[PDB]
Structures are given as structure tokens and as C-alpha cells.
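Coordinate inspection notes
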There are 2 protein chains.
Amino acid sequence: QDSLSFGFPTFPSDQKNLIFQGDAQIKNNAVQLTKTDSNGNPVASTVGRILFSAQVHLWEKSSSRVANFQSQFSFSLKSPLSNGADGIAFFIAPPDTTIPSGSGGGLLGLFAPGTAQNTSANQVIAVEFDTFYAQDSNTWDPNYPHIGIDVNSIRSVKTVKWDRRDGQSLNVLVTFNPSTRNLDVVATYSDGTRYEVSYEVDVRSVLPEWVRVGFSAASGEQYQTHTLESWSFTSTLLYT
Amino acid sequence: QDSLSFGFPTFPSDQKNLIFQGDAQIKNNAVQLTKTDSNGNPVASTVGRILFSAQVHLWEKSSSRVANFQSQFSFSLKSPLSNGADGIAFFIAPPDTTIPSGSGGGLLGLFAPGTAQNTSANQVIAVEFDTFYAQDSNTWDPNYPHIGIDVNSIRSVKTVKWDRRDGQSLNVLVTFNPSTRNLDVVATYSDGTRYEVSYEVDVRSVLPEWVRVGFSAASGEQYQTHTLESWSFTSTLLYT
Ligand SMILES: CO[C@H]1O[C@H](CO)[C@@H](O)[C@H](O[C@H]2O[C@H](CO)[C@@H](O)[C@H](O)[C@@H]2O[C@@H]2O[C@H](CO)[C@@H](O)[C@H](O)[C@H]2NC(C)=O)[C@@H]1O
Ligand SMILES: CO[C@H]1O[C@H](CO)[C@@H](O)[C@H](O[C@H]2O[C@H](CO)[C@@H](O)[C@H](O)[C@@H]2O[C@@H]2O[C@H](CO)[C@@H](O)[C@H](O)[C@H]2NC(C)=O)[C@@H]1O
Ligand SMILES: [Ca+2]
Ligand SMILES: [Ca+2]
Ligand SMILES: [Mn+2]
Ligand SMILES: [Mn+2]
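Residues numbered from 1 in each chain as written, not as in the entry; some residues may be left out. Chains lettered and ligands numbered in written order. Heavy atoms only, no water. Residues with missing side-chain atoms left out of burial classes, pairs and counts.

**Quick word on the UniProt feature "binding site: Ca(2+) 1" (unreviewed entry) in chain A**
All names here are of chain A. We apply this condition: UniProt positions are given in the numbering used here, feature names are shortened, and annotations may be inferred rather than shown by experiment. To qualify as a helix, a DSSP run of H or I must reach at least 4 residues; to qualify as a strand, a run of E must reach at least 2; elements of each kind are numbered from the N terminus. We call a residue buried when its accessible area falls under 20% of the maximum for its residue type, exposed when it is over 50%, and partly exposed in between, using a 1.4 Å probe and counting protein chains only. Note on contacts: a residue pair qualifies if any of its non-hydrogen atoms lie within 4.5 Å across the two residues. For the purposes of these results, a polar contact is taken to be a pair of N or O atoms within 3.5 Å, where, inside protein, one atom must be able to donate a hydrogen and its partner to accept one; residues adjacent in sequence count only when each atom of the pair is a side-chain atom.
On the UniProt side, "binding site: Ca(2+) 1" (unreviewed entry) is annotated at positions that read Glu 128, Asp 130, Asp 141 and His 146 here. Spatially, the listed residues are clustered: although they cover 19 residues, their C-alpha atoms lie within 11.6 Å of one another. Along the chain, the position of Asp 130 falls in strand β10 (residues 125-130). Using a relative accessible area of 1% as the deciding quantity, one classes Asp 130 as buried. In contact with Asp 130, other than residues within four places in its own chain, are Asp 86, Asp 141, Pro 145, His 146 and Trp 162. At a separation of 3.1 Å, a polar atom in the side chain of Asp 130 contacts the main-chain amide nitrogen of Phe 132. Within the fold, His 146 resides in strand β11 (residues 146-151). Filtering out sequence-adjacent residues up to four positions away, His 146 remains in contact with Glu 128, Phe 129, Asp 130, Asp 141, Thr 159, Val 160 and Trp 162.

Here it is in C-alpha cells:
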């Protein structure tokens, strides 16, 4: 289809169109990307992702069209630790994408350690909300919590300073305009605090014509829950 | 998801979200539900159907919600003869539905011969565009071409006389309003000729909470092509 749209105001336990990978699962009408014990407390060494089952037609070589898409979602992070890790990401990848071996911790379940910074060995666009930046392990990160745009590498092509707020929902709108090739990110907390970051990228040179979209999160030595609360997505092929 | 929508202005050959059953296949940016020969002419004894891969949440028992839905599509029928058969139908059925054994000809690939008229043995709602009504084989049909609403039986609960026009596209709009429980069908040719038929039905007592939607077509000893040219669908769970 040239256009596809779906909306999850909440996530009831009865799901049919979500692909669950790793430890991801539904609890209390929300998606818990990373594992939690019986008490609902976060635990270390966990990775989880979800993808919508239907494939998205991102662009079409035969007609020179590229999709205009929007992804709106909200999530919250919680941890008893002073440095909860590692973060959550909205991503776009080839339909057959699976969790790479050893992609936990700072790799967010998106990259393998051996090629995490080799832009030639990956095919993924992701918007990350990174809460762990120890300069000793996450050597690629700026020294502060941040929102980042990742294009084939865990070393973001761009980041902006972000404030982690325990237990508070962050609302995010990610949009891509094929005319300007601008990928825009706007995130806000309920008190009006706003974060914005934009990057120009030709998706045709990074991803295949058909892709799958979803979320990924992970915790290494440090942990926190990564709870996806809602998600709506829409894409339509346009002439350029 | 509470809401889902998709649109196929045309049908390019590289489809990823369609389930093809029987003889259905893509040819000339359109879906040819029934088999044709090397030169594009319809052949006898053929059945074919397509279903969208993503499941639709038609109703939810927990929240007591029922979805409204709208399906818009266009198709054309062509045959060397004039007594083309057997027809095409838009249908909604359980997710695991498959072509019943011996469901060709007048059963449109939707029902099995032994239980075609047993409402307690089927789970399907369909809107049929029936072009063959010979009483020797299609004993359940009115004696003329027609559009009918089928609920668990090949014997339509409601029909309206219709005119088959070789090679001309018919634009169809099917709508279900959960508030009134009315399933409305509006079909029109480009010259404005309009056909309407509606019926009140409680989908909750006929279909499961999750379903798949698609089209089915068949030809028995008489034949014609059943070409699906475009299709858009949208559904949203609502509180009535
Ligand atoms: C206290 O933890 C810090 O210090 C120790 C020791 O120096 C590091 O080992 C820690 O690094 C691990 O944990 C952080 C925080 O969760 C992650 O950001 C790091 O990535 C790292 O986690 C490992 O990451 C690799 C990939 O680089 C994974 O393959 C591996 O599975 C992860 N380990 C675990 C136990 O999950 C931190 O700086
Ligand atoms: C000339 O054809 C008409 O008269 C003969 C002789 O009585 C019937 O056999 C024909 O019936 C078959 O063809 C029509 C038109 O295509 C269908 O509408 C009928 O359903 C029938 O086709 C068979 O239908 C059964 C289901 O009831 C299928 O199991 C069977 O496969 C179909 N036959 C074929 C060859 O496909 C018609 O009245
Ligand atoms: Ca990090
Ligand atoms: Ca008939
Ligand atoms: Mn980072
Ligand atoms: Mn009929």
C-alpha cells in the first residue's frame, strides 16, 4: 500500500500485529521493552524490541516517490538508581531485522559491538533517548543525557542535551518530509519543557524500499524500565 | 491497534502485505483474482482471493467497543461471452480463513458445498457482486444479476438488482456504523448509475474480535476476469 496508518492509544494484552523480540512484553496496558521482576522492578542485562508486523513502503524506485511519515509516541523511564540506563529508541530497519548478538547496554539492542560505528555495515535510522553516557564505556556519547539521531551508527550524527525525569512521560513527534529531506524530532514533558533536533537525510541511500518500524531498549550493568505508553504512525508515498 | 487504515491506489507487483490464495496474482498494476491465459483471457474453473496481512480489531469485549469501518474499492469484469461468471466479493472472516474445498463457481470461493447455506457452520460477512444466477446450479439466487449482503450463507440476506457492464469499472463504498449497526453498500458506474443496499447486523455475534479483510472471486463452467483495481480501508474502535 502507498499509505498505511495505525494507532495504539494504549497497549491491551491482546495483540496480533506486534512482533516481540527479546524481553519485550505487555504489562498494565503498556509495552515493557526491558525485563522487570515480579514486583515490576527493572533488572540488569536485558534487551527488548517490538515492530509493527505490516511492512512500510518507505520509497519506490520505479516511481521516484518517497514517503512522508509521522510517528507520535510517549514513554516513561523509572529506576531506583542514580544512573538508570541505557535508553530507548524509535527505529526504522529492514523487515528481517533481529536483535544483534551482544547488542545490549549502550548499543540499545540496535548494533553489534564489532560494527556499531561502521556506517557501512548497518542499515538503520533511529531516534534515541540516551540516559547513560559514562565516558569510559559509552566512549561515543557526549558527556550528558541526550536525544540523538542515529544513521547507521551508535555515534549519533547529531545530539541535543536532554533532561531525564524519573517516572514522567515524554511525548515525542518524529516526522520526515521527503521534499526537504528533513527528519524532525520534537519532544515535550507535561510542563511544557521542549526539545527539538533536526537532520537532513536521504532515506533512499540508507534504507531499502520496504522497512519495518518499531522501538528498542536495553539495560546493561545499570538499569531502568523503558515503558512505551502509546504510539500512532502514518506514512504516505509522495512525488519528489 | 485501535485504528488501522491502508490504501492501494494501484497494485504494483512488489507487494509485501498481501496474502494471496488460490489463483490470485498481480498483473498490470491490478489484482487478477481469477486465472487467465497467456493472452489475458479468462479461463474456467478458477478461484482466487487476497487478504491484507495485518489483522483488524473489529470489536473488543473488555471495553465493549465495536469498530466502524469503511472500504472503498473499484473492479471491472471482462469476458469474451456475455454470460460471465461468477462474481467478486469483499469479505471479512476469521484470520486463519482459507479457500474451502470445492468452493468454486457460484460459491465464490467463500463457502463449502456441504454447508453453504448453514448459518451456524460459517463465520463470514461478505458483499457479493453476482453475475450468474442459473437456477440449476445457483438455486439460492434471485433470477437476475445482483449485489448482495451475505451473512454466514451464500443465500444473501438482502439483495438489489444490478447491471453487469463488460469492461467498465464499478466504484464501491462499504460502510459499517456501530452506532446503528447498519452495513451500507453504495456502488456506482462513472456515468452516475447508482446501486444501494443495506442491512442491520451485529458483527459481534457473527465474527470474532480480530479478523482479516479481503476479496474473493471464482469462475465455474462460465467465466470472466475479476480485476481489482484499487482499494482503501479504514477502521476505528468506538464507544457506542
Ligand atoms: C557500573 O557499570 C559501569 O562500569 C562497568 C565497569 O567499568 C561497565 O562494564 C558498565 O558498562 C556496561 O553497562 C553500561 C550501563 O548499563 C552500558 O552502557 C555498557 O554498554 C555496558 O554494558 C555492556 O554493553 C555491551 C555492548 O557495549 C553489551 O554487549 C553487554 O552485554 C553489556 N553488559 C551487560 C552486563 O549487559 C558501566 O560503564
Ligand atoms: C453451462 O453451465 C451451467 O450449466 C451446467 C450444467 O448444469 C452447470 O454445471 C453449471 O454450473 C457450474 O458453473 C456455474 C457458472 O460458472 C457456477 O455458478 C456453478 O456453481 C457451477 O460451478 C461449479 O460450482 C461448484 C459449487 O457448487 C464447484 O464445486 C465446481 O467446481 C464448479 N464447477 C466448475 C467447473 O468450476 C452452469 O449452471
Ligand atoms: Ca549511551
Ligand atoms: Ca450466483
Ligand atoms: Mn547516545
Ligand atoms: Mn447471489
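Following the structure, the description resumes.
**A word on the pairing of strand β12 (residues 158-161) of chain A**
Residues and elements named next belong to chain A. As a reminder, the rule being used: When DSSP finds two or more bridges between two strands, those strands count as paired.
The sheet contact formed by β11 and β12 spans four bridges and is antiparallel. Looking at the pairing, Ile 147 lines up with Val 160 of β12. The antiparallel pairing of β11 with β12 creates a hairpin that spans six residues between the two strands, and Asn 152 there sits at a positive phi of about 65°.

**A short note on the packing of aromatic side chains**
Residues and elements named next belong to chain A. Condition: Any two rings among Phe, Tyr and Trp, with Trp reduced to its six-membered ring, count as a pair given centres within 6.5 Å; such a pair is stacked if its planes are under 30 degrees apart, edge-to-face if over 60, and tilted if neither. Definition used: whenever NZ (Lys) or CZ (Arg) falls within 6 Å of the ring centre and also within 35 degrees of the ring normal, the charge is taken to sit over that ring.
For the coordinates displayed, the defined rule picks out 35 aromatic pairs over all chains. Judged by centre distance (6.2 Å) and plane angle (90°), the ring pair of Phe 73 and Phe 129 falls under edge-to-face. You can see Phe 73 sitting in strand β8 (residues 65-78) and its partner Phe 129 sitting in strand β10, a full 56 residues away along the chain. Each member of the pair, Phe 73 as well as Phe 129, is classed as buried. A cation over an aromatic ring shows up here: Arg 65 above the ring of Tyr 239, its NZ or CZ 5.6 Å from the ring centre.

**Things to note about the coordination of the calcium ion (ligand 3)**
By definition of the ideal shapes, a tetrahedral metal site with four donors has angles of 109.5 degrees and an octahedral site with six donors has angles of 90 or 180 degrees. What counts is decided by this rule: Each metal site lists N, O and S donors within 2.8 Å (3.2 Å for Na, K and Ca). With water left out of the atoms, a site can look as if it is missing ligands.
For the calcium ion (ligand 3), every protein donor is listed as A:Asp130 (OD), A:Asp130 (OD), A:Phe132 (O), A:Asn138 (OD1) and A:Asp141 (OD), and the spread of their distances is 2.3 to 2.5 Å. Taken in chain order, the donor set of the calcium ion (ligand 3) reads D-x1-F-x5-N-x2-D.

**Considering the interface of chain B and chain A**
Each side of the interface is counted separately: chain B has 20 residues, and chain A has 21 residues. As judged from the five bridges shared by strand β1 (residues 3-8) of chain A and strand β1 (residues 3-8) of chain B, these two strands associate in the antiparallel manner. If you follow A:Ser5 over to β1(B), its bridge partner there is B:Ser5.

**Let's talk about the coordination of the manganese ion (ligand 5)**
All names here are of chain A. Bound to the manganese ion (ligand 5) are the protein donor atoms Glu 128 (OE), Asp 130 (OD), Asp 141 (OD) and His 146 (NE2), situated 2.2 to 2.3 Å from the metal. When the donor residues of the manganese ion (ligand 5) are listed from N- to C-terminus, their spacing reads E-x1-D-x10-D-x4-H. A separation of 4.2 Å is found between the manganese ion (ligand 5) and the calcium ion (ligand 3), which share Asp 130 as a coordinating residue. Placement of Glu 128 in strand β10 and of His 146 in strand β11 is noted, with a sequence separation of 18 residues between them. Residue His 146 is classed as buried on the basis of its relative accessible area, which comes to 0%.

**Structural notes on the site of ligand 2**
Residues and elements named next belong to chain B. Stated formally: If even one non-hydrogen atom of a residue comes within 4 Å of a molecule or strand, that residue is called near it. Accessible surface area values rest on a Shrake-Rupley calculation with a 1.4 Å probe, where residue burial reflects the displayed protein chains alone. The nonpolar class holds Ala, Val, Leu, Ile, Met, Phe, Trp, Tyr, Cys and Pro. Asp, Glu, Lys and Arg form the charged class, and all remaining residues, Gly among them, are polar.
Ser 45, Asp 86, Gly 106, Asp 136 and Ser 137 are the nearest of the 16 residues found near ligand 2. Contacts to ligand 2 include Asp 136, whose side-chain N or O atom sits 2.8 Å from an oxygen atom. One of the side-chain nitrogen or oxygen atoms of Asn 138 is found 3.0 Å away from an oxygen atom of ligand 2. Protein chains bury 63% of the 740 Å² of accessible surface belonging to ligand 2 in isolation. Each residue belonging to the shell around ligand 2 can be placed in one class, and the counts come to three nonpolar, ten polar and three charged.

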